[PDB]
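To start, the structure itself, in structure tokens.
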Amino acid sequence: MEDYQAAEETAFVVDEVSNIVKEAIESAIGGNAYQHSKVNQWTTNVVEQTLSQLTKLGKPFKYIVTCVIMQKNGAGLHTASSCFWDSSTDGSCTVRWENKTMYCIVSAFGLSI
Amino acid sequence: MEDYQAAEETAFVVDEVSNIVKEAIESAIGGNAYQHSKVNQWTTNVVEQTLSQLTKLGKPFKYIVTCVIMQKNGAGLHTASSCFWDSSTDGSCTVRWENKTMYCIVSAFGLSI
Amino acid sequence: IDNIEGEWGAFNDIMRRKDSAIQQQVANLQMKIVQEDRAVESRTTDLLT
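Protein chains in written order, with the entry's author numbering: chain K, 1 to 113; chain L, 1 to 113; chain A, 1211 to 1259.
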């Protein structure tokens, strides 16, 4: 019973990071509209809250958190990420998000030591 | 005196990675206008050319390349990237590029094992 | 329809991140399928005896 959650606490559990991403996004942005003066606070707060609760998982990883936040003005949103890791240990989380006024992509990573 | 050359052979120089990002952007994009069906292969070829030229260095790194390519429509753009690494060996590179029609942001990362 | 389209897009976004959390948790609960499977097998053999 103990080694299975020990295997959960050691490998890159991919989308509990996505729970940390949605808690970071729903803490930072909320249901607010696009005003550009708060976008730097929103990107910094999503990235700092995602680096806050990935460090409290206790997992030996190097974490990279990127976040793109986009105004809905008819401009359409494309990102990409291919990387170079060891495939059995590491992985990638990428969550898209939007509302009436804003777009959001947060891509999050974990790289083993 | 061999320890300084051994430290230089595994350091993350930001300028070489930025020149690899410049050559990958000017190899895949050029100066051609925004065609959204081509934005997928532009992001694919910039990430694959940056991952190709970064893995020709022979340095003991794990590399992450994320790319953002975006039409100039009067819409607003913030990208943020704080990470979690060993600060003595690892580093990052984030490059802003633009032409007449489009904004191209490439964030390139290198994390020692 | 601002509210219904916001609740429905929130239902689609939160439904897709729970689909991704399912796609993570099939591994963890697949070894819990293994755990509860030989638990039911061991308790099956014990209660048959």
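Cβ coordinates follow ideal geometry from the N, Cα and C atoms, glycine included.
At a cut-off of 7 Å, would you count residue i as near the ligand ATP, judging by its Cβ distance to the nearest heavy atom?
i	result
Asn40/L	Annotation note on the ligand ATP: not contained in the displayed structure, which lists no ligands.
Along the chain, where does the alpha helix (DSSP H) that runs through residue i open and close?
i	result
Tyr4/L	2-8
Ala33/K	Here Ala33/K belongs to no alpha helix (DSSP H), and DSSP marks it neither H nor E.
Below 8 Å on the Cβ atoms is my guess for residue i versus residue j; work out the distance and round it to an integer in Å.
i	j	result
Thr66/K	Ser81/L	5 Å
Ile29/K	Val106/K	Incorrect: roughly 11 Å between the Cβ atoms, too far for contact.
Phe12/K	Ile64/K	Not quite, the Cβ-Cβ distance comes to about 12 Å (not below 8 Å), so this is no contact.
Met70/L	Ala75/K	7 Å
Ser92/L	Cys83/L	7 Å
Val95/K	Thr79/K	Going by Cβ atoms, the distance from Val95/K to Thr79/K rounds to 12 Å, so no, they are not a contact pair.
residue 116/L	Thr10/L	With chain L running from 1 to 113 in the structure shown, residue 116/L is simply not present.
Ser18/K	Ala1231/A	6 Å
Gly31/K	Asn73/K	Their Cβ separation, rounded to whole angstroms, is 19 Å, which puts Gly31/K and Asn73/K out of contact at 8 Å.
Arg1226/A	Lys22/K	At roughly 11 Å, the Cβ-Cβ gap does not stay under 8 Å, so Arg1226/A and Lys22/K are not in contact.
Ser27/K	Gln49/K	6 Å
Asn1238/A	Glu8/K	6 Å
Quick check on the DSSP output: the beta strand (DSSP E) that includes residue i runs from which residue to which?
i	result
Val95/L	91-98
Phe109/K	102-112
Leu77/L	77-84
Tell me whether residue i is buried or exposed, calling it buried when 16 or more other Cβ atoms sit within 10 Å of its Cβ.
i	result
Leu54/K	buried
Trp85/K	buried
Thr43/L	buried
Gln1234/A	buried
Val1244/A	exposed
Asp1212/A	exposed
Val39/L	buried
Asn1222/A	exposed
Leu77/K	buried
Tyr4/L	exposed
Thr1255/A	exposed
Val1236/A	exposed
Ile20/L	buried
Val47/L	buried
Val14/K	buried
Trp97/K	buried
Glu16/K	buried
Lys56/K	exposed
Considering only DSSP beta bridges, list what residue i is partnered with.
i	result
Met70/K	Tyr103/K, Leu77/L
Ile64/L	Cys83/K, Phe109/L
Could you give the DSSP three-state label for residue i: helix, strand or coil?
i	result
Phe1221/A	helix
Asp15/K	coil
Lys56/L	coil
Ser88/K	coil
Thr1254/A	helix
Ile1211/A	coil
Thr1259/A	coil
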